Each structure stands twice: as structure tokens, then as C-alpha cells.
């Protein structure tokens, strides 16, 4: 079925969905339509394991039970500066405040 993802690089987060049968390269083509960088200038990561173009999203470990609309799975994205690839960097989101007394 469908997989729901967050494609993350620095302070940019793209919310997209793809088929579990679709490939890592088809996902780089979705990033190309939004960020205007071709698939050859992109590296995609599940946590810290680099992903192969011909591998399906299902084969990468992204499934309908782990990549849900309300809890999408994160995909790390790194770009190519000149001829070298930058190190994977995902800036975290802010932290919530301390839980109030009445909520505890």
C-alpha cells in the first residue's frame, strides 16, 4: 500500500507519500520536482544507512505499519556540492516545554 514520509535535509522537511513498491530513485524524482536538484545530486538515508536507487521503499524497510499519515517515517537527504557529497545533516525540531502540574 502507500508509505507516508518526511524527507529531511538541514531545516527543510518535505511531506510526501509513495507506493511501498516504488523505488528510491522514484523518490529522488519527487525531490527533483520540489527542490530542483537531479537524482544524481542526491543521497537518501533511512537513519544512517545509504539507500540504493533500484531498491523499493518496501525493501528499504518503509511499510504501511511503520510509515503512516499521522506518524510518517523520516528519510535523510544529502546533496552534492560541486563533485563531493555533503555529510548527512538533519536539524532537529524544537523541544516542547515542561509538562504543567495540572497535566501530570
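Numbering follows the first chain given and starts at 1. Between two forms, the rigid core is defined as the largest C-alpha subset superposing within 1.5 Å.
**Q** If you line up the core and then measure how far each C-alpha sits from this form in 5 other deposited structures of this protein, which stretch comes out higher, 83 to 91 or 18 to 26?
**A** Once the cores are fitted, 83 to 91 deviates more in 5 other deposited structures of this protein.
**Q** Kindly name the stretch, out of 29 to 37 and 74 to 82, whose CA atoms are displaced more from this form in 5 other deposited structures of this protein after the core superposition?
**A** After the core superposition, the stretch with higher RMS deviation in 5 other deposited structures of this protein is 74 to 82.
**Q** Per the entry, where is the mean C-alpha temperature factor higher: 48 to 56 or 24 to 32?
**A** That would be 48 to 56.
**Q** Output the stretch having the higher mean C-alpha B factor in the entry; the candidates are 39 to 47 and 70 to 78.
**A** Per the deposited B-factors, the answer is 39 to 47.
**Q** Should residue 86 be placed in the lowest, middle or highest third of its chain by the C-alpha B factor in the entry?
**A** It belongs to the highest third of the chain when residues are ordered by C-alpha B-factor.
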